[PDB]
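Residue numbers (the deposited numbering), protein chains in the order written: chain 3, 94 to 188; chain c, 31 to 107; chain F, 105 to 294; chain b, 2 to 108; chain R, 10 to 149; chain T, 47 to 212; chain M, 51 to 198; chain d, 36 to 52; chain i, 32 to 128.
One structure below.
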Amino acid sequence: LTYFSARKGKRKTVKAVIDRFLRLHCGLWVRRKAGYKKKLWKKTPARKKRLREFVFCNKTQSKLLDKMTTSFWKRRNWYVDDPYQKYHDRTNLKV
Amino acid sequence: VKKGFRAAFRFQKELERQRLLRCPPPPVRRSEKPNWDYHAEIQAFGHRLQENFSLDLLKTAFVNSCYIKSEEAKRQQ
Amino acid sequence: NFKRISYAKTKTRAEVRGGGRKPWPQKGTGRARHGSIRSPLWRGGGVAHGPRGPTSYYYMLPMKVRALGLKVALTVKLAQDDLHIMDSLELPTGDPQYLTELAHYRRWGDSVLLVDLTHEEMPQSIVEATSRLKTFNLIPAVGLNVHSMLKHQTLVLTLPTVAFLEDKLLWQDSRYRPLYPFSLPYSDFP
Amino acid sequence: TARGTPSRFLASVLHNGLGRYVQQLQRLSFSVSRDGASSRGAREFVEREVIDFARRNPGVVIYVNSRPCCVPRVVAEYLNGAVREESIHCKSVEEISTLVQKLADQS
Amino acid sequence: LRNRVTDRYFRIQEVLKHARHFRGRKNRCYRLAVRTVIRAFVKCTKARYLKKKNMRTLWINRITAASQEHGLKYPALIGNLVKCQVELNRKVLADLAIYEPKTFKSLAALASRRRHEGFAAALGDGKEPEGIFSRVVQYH
Amino acid sequence: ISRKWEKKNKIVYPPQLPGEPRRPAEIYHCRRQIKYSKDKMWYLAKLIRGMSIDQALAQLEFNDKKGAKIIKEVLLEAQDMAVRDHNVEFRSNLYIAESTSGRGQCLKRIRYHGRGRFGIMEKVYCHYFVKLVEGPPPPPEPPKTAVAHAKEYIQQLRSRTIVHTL
Amino acid sequence: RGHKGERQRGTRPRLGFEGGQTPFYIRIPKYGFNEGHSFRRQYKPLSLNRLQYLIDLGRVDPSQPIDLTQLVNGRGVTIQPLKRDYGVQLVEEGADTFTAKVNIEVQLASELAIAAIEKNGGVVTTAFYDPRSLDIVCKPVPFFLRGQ
Amino acid sequence: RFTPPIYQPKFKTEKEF
Amino acid sequence: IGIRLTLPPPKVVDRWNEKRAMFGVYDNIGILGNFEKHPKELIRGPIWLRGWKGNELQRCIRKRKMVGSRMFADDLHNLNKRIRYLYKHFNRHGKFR
RNA sequence: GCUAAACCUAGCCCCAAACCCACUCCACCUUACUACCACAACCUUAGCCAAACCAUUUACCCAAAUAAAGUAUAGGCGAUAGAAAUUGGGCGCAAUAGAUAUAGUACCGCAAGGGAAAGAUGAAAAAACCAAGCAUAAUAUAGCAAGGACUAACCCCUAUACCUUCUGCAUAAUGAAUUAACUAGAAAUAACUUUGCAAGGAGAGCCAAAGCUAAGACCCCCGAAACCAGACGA
RNA sequence: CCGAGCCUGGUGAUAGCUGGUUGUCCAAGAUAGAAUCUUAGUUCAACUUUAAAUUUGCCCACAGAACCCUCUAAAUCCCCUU
RNA sequence: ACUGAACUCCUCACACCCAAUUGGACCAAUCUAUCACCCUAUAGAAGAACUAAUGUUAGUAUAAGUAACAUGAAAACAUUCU
RNA sequence: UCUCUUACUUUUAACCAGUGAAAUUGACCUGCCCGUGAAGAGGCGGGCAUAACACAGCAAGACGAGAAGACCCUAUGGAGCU
Ligand SMILES: [Mg+2]
Ligand SMILES: [Mg+2]
Ligand SMILES: [Mg+2]
Ligand SMILES: [Mg+2]
Ligand SMILES: [Mg+2]
Ligand SMILES: [Mg+2]
Ligand SMILES: [Mg+2]
Ligand SMILES: [Mg+2]
Ligand SMILES: [Mg+2]
Ligand SMILES: [Mg+2]
Ligand SMILES: [Mg+2]
Ligand SMILES: [Mg+2]
Ligand SMILES: [Mg+2]
Ligand SMILES: [Mg+2]
Ligand SMILES: [Mg+2]
Ligand SMILES: [Mg+2]
Ligand SMILES: [Mg+2]
Ligand SMILES: [Mg+2]
Ligand SMILES: [Mg+2]
Ligand SMILES: [Mg+2]
Ligand SMILES: [Mg+2]
Ligand SMILES: [Mg+2]
Ligand SMILES: [Mg+2]
Ligand SMILES: [Mg+2]
Ligand SMILES: [Mg+2]
Ligand SMILES: [Mg+2]
Ligand SMILES: [Mg+2]
Ligand SMILES: [Mg+2]
Ligand SMILES: [Mg+2]
Ligand SMILES: [Mg+2]
Ligand SMILES: [Mg+2]
Ligand SMILES: [Mg+2]
Ligand SMILES: [Mg+2]
Ligand SMILES: [Mg+2]
Ligand SMILES: [Mg+2]
Ligand SMILES: [Mg+2]
Ligand SMILES: [Mg+2]
Ligand SMILES: [Mg+2]
Ligand SMILES: [Mg+2]
Ligand SMILES: [Mg+2]
Ligand SMILES: [Mg+2]
Ligand SMILES: [Mg+2]
């Protein structure tokens, strides 16, 4: 990715990242399952449900995603009626 | 020509040492050399040997006749 | 350091004159292979990693830190019997030797910093005296800084200036965070 | 290295221990400065230790010079006539004291 | 040329000082000198081990020499001296051999006596009156 | 360039006491920038190295080498000035104390080989130095006798110590 | 730098390249988590707790009406019009132990917070502010210097 | 399969005293 | 050889010339003077450098856009080339990604 | 004791300020520097390179610093590209350095074109020591050249040169005649560490569910065959 | 020095390939694998290091871990005590 | 029985024998601020350290006084001869 | 040409005199046999030999010197041709 822009000399975000992942303010990232729209006739219903769910990403994936994205995307946003509002903060977390 | 003073000064002191090796100066008595007081040295001569000398006598012991002849001749002019 | 700008630059390999062609073919001779005669390796070549252009070393400490700086410097002066308070910087005569011999008589020390409140309303007598004295220095209140105070052995202040310094430095704590630069009007600033 | 350097056989001056032990250190010459950090450690050595040290060994004559210098030093002279120069420089009172002891108990 | 080393002469002299007594170019040419001086310092380091080994070998030879001239083997002498609980190390025995030869003969004589008392004890089976010199002193 | 050798004739010693051996006279002389190889000059220098002046002039006369006439000139110049300026009584009683050749300053030209190849040729120059000492030449050290070998061998055996004891 | 390779010569591939196989980020399907993020409106929350504490310290004045401008001046809130903020949302939190009678002006309020204010005898109303009005109201003094 | 020769510049050889 | 053979002329530094004496005065222009001026208005020097700091690449970008029109043909070509170099260096090279 | 060594000042670099020279007599577009006789200029840059290939694609100066914002947006929707409204003199070099520069000269090339090196007394010239290499002064059994030693230089005993790439490597394989000078780790996010202030931090913008501000501390050198544009050559 | 002349410029072209990389001292410190136009290279994992928080880890005894194939060894997993 | 290690004991001392890598304690010289004033101190900075790139420049060696190179004869230096 | 080579002349050569290169070179105080290193030892192990120092020859060894590397493989290196 571009560490120093040629116009302004600041970092740039990889837009491939932004249209695939949701980052929560706490530091987690959310993705969809790969192939959730693919060939559903042959898949079993349990398999289908496992596909529909929005999952988290492990530490390294999360680290890589944060490097590929600017500080703007990491700020706290007070959207009106976002369905992900509750998930922004953690609860009862000791290490 | 290199900016700096320390390396240059060091080198001068090295050259001084080499010059001393080449032609050593004539030996001169320690009286004719810095950091000398004969009085204090006399007392220390007593104390080194753990001997309670009479300091007046010890002084008298160290003064040769050859010295006094030379001293008289020197003082004359 | 904040005011410092570096003027040193050196030419890189690309910026040195000539050095276009390959000096000799790679394979043929016994010689070590080269691409240009202006490479860092060569005599007369460009510099590998050198001073590059005008360089600025500008940064800002936070305001409250600089304020605290002034405070410490002033406490330290008074703690060590290096600080003196004066009704006015008014001199019986403009003869500069009078000021030197007074400092000698009062055990001020070799260097004295004289602070007045305003530049315009500084007395005639002190300005004449201090103009031709190297070690004694006259500044207005707004001039005062940590560096000069440390450089000079004595700090001399007036009663006008002491009230002024108190006001401004004490203002720094017990203020809000700004909404906009303080040069702009507020309901109670200036 | 042993080949690369000179050698001596073990000896003393004038069979030191035989009759009576004689302290070989004869003279000490301290060069200090009134101002300047190098001589700082040495300065307070002259504040305290010099006096009681000089009492402890009356055989040694101590000279303190107190002149401007970038490197303070000590010149140890011995009975036999050897001269040992040691640059005290930026050394704490304690490690200067250790030096002066080490000089005084050797030939 | 903002910064240039000004005192390389002194850095060079540090190696060359050691190299003075060598032969050939390596006594003065730095890129040669350094390599040999490194080897010299390593040699000198490992030579501590060998000094100690070799000194003992010299002592053992010297002791063997003096023992042989009274007409008993080295092992005989050294072993029997221990069973007499006279603990003198090789250094002093070798030193006695050269400088105090009367004392050395006495040591040799006592060793051979203990040797013989041992032989007598070996011959007998069961309980017999123990040799005078064979008797051991206990410490509690 | 250094020119120390020349200055050696400007040394003045203080007058001697009557109770002193008569100091031999002492002349230093040289020629600079001789077009001749320094090592080639060495052989001629080495030859005359300990002989008297006349005997050296004799040897140099019949010597076929180029530098031989050059050295002859230097020696005659040195002899002349010895008598004239250095207060030497007799011109015959001088011997060569030291005879040395140094490298003088050299130029570089080119030598053209085959293909395009070449080499750097050096126009060789050198200095010659001499020193003359007034008086008869030193008699050469006698060859080592069997008795001297024997004597020193005895000395050598007597120097042995019992090593690594007290 | 290690031993000589792509790493040591400093010619490592870009971030997110998996050496050949379809990289993690690419191989995931695209979904509109942030499809129209810049067009969404954002309201900064003011809690009743926050409001009460401001009144208790005399920072926000109850003898006068409250609007955006008064709160901002009080340092009760920070509003970034540029960052798609559209004013102040009034939240339920600390409904109990809210004892003050005020005329408050907010862009959004929850029914509970309305109830909380009207219980004490206060008046709450919601009023819309356009972005160009908002930047003006939040910081009036700079706007006054614009000469418009 | 041929390497041309190279001449050093003439100024070095033409140096005088 | 390459070491001096005499001591250079001693350098005397006048610590009490006017420039040394009034060094750093008015650095507190802001806090002591009602905030009329920032201290960064005491900075003199290049147009593109007064009260700003950046790496080489950033400095070049800035000089290009601020005094790019007014600078000499060959100087500007050198500057355009610098930027090309540094762009590749910083984006495509190094230890860490 | 030779060869040498040593030097401080010519000048130069980056800024700021300010809009620059176009020049006695004669000659000079013909074969320029030669007194003196019947055609005509404006026309998309490409390519290296990045994409770990390559084929669409890949920042390059356009007329206010900051912020909006690496946002909207664009894109084999991937590498990457990227708005607008709006806001407003010297901690420099000092003769292998610094300009190539004592000079675009000498020299090299048919031409376009390439392109050096170097100097040092003193107020006045109308006045001491240190690189390599050698010399002083060749050499005597035996062996990585030394170490342990020794009364003693050698003799005695112990001891498979260095760097780099390979699992070993003694040695195998690259590299070094030697001396002097020059010659190679440049930066972000995020963390940690130390301060100031603290539900707020910051000298507009930005962040904040103890955070925010400031500082500290992390990212090398030399080398192809090539490709393209414009000149020069029978 | 022509399977495509030479010069300047783009140009510090590019080089997963070769070569090099400059003071002292101390400390911790090695070989599960997977994908890859990939095996002369990267990325993930494993190991390694530093800092932090907190509680068990290693060695382990009983009990326990399959039939079929027509036949079964050194052993291994799990594991309180210590 | 003796000999036989850097193992172990003995008298003292103790951070002081792994590649890549990672952590740490110091520090040569130079410039700046302030000291100092026969060459230092505390800090701030930086073109900040070379036994090695068939590295680049200059000097001097090895091969090596080697390979190689050169003027027909006599004479009076008029001339003549081959 | 050879069986089967010989003799003489010139060039070279070797000596005296003048001028004076080049590749090469880690340092060298630079031996032989056997073993080891699987092949490959002047330098490692066991034996043997051995005052020092020029000049002339020879080509068995120094994996002898010098090159735009003959062959095989590799590069997500080029280029010409179809
Ligand atoms: Mg170029
Ligand atoms: Mg190139
Ligand atoms: Mg090349
Ligand atoms: Mg340059
Ligand atoms: Mg030709
Ligand atoms: Mg030559
Ligand atoms: Mg590379
Ligand atoms: Mg590509
Ligand atoms: Mg690449
Ligand atoms: Mg120059
Ligand atoms: Mg030049
Ligand atoms: Mg020398
Ligand atoms: Mg031997
Ligand atoms: Mg390799
Ligand atoms: Mg080999
Ligand atoms: Mg023709
Ligand atoms: Mg590869
Ligand atoms: Mg360790
Ligand atoms: Mg794979
Ligand atoms: Mg594939
Ligand atoms: Mg591959
Ligand atoms: Mg357990
Ligand atoms: Mg033992
Ligand atoms: Mg142990
Ligand atoms: Mg230990
Ligand atoms: Mg310092
Ligand atoms: Mg450097
Ligand atoms: Mg060097
Ligand atoms: Mg070669
Ligand atoms: Mg070579
Ligand atoms: Mg080199
Ligand atoms: Mg020769
Ligand atoms: Mg030969
Ligand atoms: Mg010949
Ligand atoms: Mg021959
Ligand atoms: Mg000849
Ligand atoms: Mg050659
Ligand atoms: Mg063999
Ligand atoms: Mg060999
Ligand atoms: Mg021969
Ligand atoms: Mg090849
Ligand atoms: Mg290809």
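Don't be surprised by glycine CBs; every beta carbon is placed ideally from N, CA and C.
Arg57 (chain M) and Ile186 (chain M) have their C-alpha atoms spaced approximately 54 Å apart. Taking all protein chains in view, the Cβ of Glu144 (chain T) is surrounded by fewer than 16 other Cβ atoms within 10 Å, so the residue is classified as exposed.
Not one heavy atom of ligand 3 is found less than 7 Å from the C-beta of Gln154 (chain 3). Under the Cβ distance rule, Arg170 (chain F) counts among the residues neighbouring chain i, one pair being separated by less than 8 Å. When the alpha-carbon of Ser30 (chain b) is set against those of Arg59 (chain c), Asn65 (chain c), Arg60 (chain c) and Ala70 (chain c), the nearest one is in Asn65 (chain c). Using a C-beta cut-off of 8 Å, the region 244 to 259 of chain F makes contact with the region 201 to 220 of chain F, since at least three inter-stretch Cβ pairs fall below that distance. Secondary structure at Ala145 (chain M): coil, using DSSP grouped into helix, strand and coil. Interface residue (Cβ-Cβ distance to chain R less than 8 Å): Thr207 (chain T) is not classified as such. According to the DSSP assignment, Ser145 (chain T) belongs to no alpha helix (DSSP H) but to the beta strand (DSSP E) extending over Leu140 to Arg149. For the pair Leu158 (chain M) and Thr175 (chain M), the CB atoms are not nearer than the 8 Å cut-off.
Contacts with chain F (Cβ-Cβ distance below 8 Å) from the region 171 to 196 of chain M involve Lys189, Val191, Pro192 and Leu195, listed in chain order. In the DSSP annotation of this structure, the continuous segment of the alpha helix (DSSP H) that includes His69 (chain c) starts and ends at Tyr68 to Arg78. Membership of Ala77 (chain b) in the beta strand (DSSP E) is indicated by the continuous run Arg74 to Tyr79. By the rule that beta-carbons nearer than 8 Å mark a contact, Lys32 (chain c) touches chain R. Put simply, the CB of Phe39 (chain c) is far from chain R, with every gap to its CB atoms at 8 Å or more.
In the three-state reduction of the DSSP assignment, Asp135 (chain M) falls in the strand class, which pools E and B. If only complete runs of 3 or more residues are kept, the region 149 to 184 of chain 3 shows no beta strand (DSSP E) anywhere. DSSP, read as helix, strand or coil, puts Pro183 (chain T) in coil. Spanning the alpha carbons of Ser160 (chain F) and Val43 (chain i) requires a straight line of approximately 29 Å.
Taking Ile141 (chain R) as reference, the option from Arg123 (chain R), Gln147 (chain R), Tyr148 (chain R) and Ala131 (chain R) with the minimal CA-CA separation is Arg123 (chain R). Within the same chain, and ignoring the five residues on either side of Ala85 (chain R) in sequence, the residues whose Cβ sits closer than 7 Å to its Cβ are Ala120 and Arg124. Looking at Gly133 (chain R), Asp134 (chain R), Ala103 (chain R) and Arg144 (chain R), the one whose alpha-carbon comes closest to that of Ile208 (chain T) is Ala103 (chain R). For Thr48 (chain d), the closest Cβ of chain F is not nearer than 8 Å. Boundaries of the beta strand (DSSP E) harbouring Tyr158 (chain T): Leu153 to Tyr158, taken from the DSSP string. When DSSP assignments are scanned along the region 11 to 74 of chain R, no uninterrupted stretch of beta strand (DSSP E) that is 3 or more residues long falls wholly within it. Under DSSP, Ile243 (chain F) forms a beta bridge with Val219 (chain F). Interface flag for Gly5 (chain b) against chain R is set, since a Cβ pair is found closer than 8 Å. Short of 8 Å from the beta carbon of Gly171 (chain M), and not among the five residues preceding or following it, lie these beta carbons of its own chain, in chain order: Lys151.
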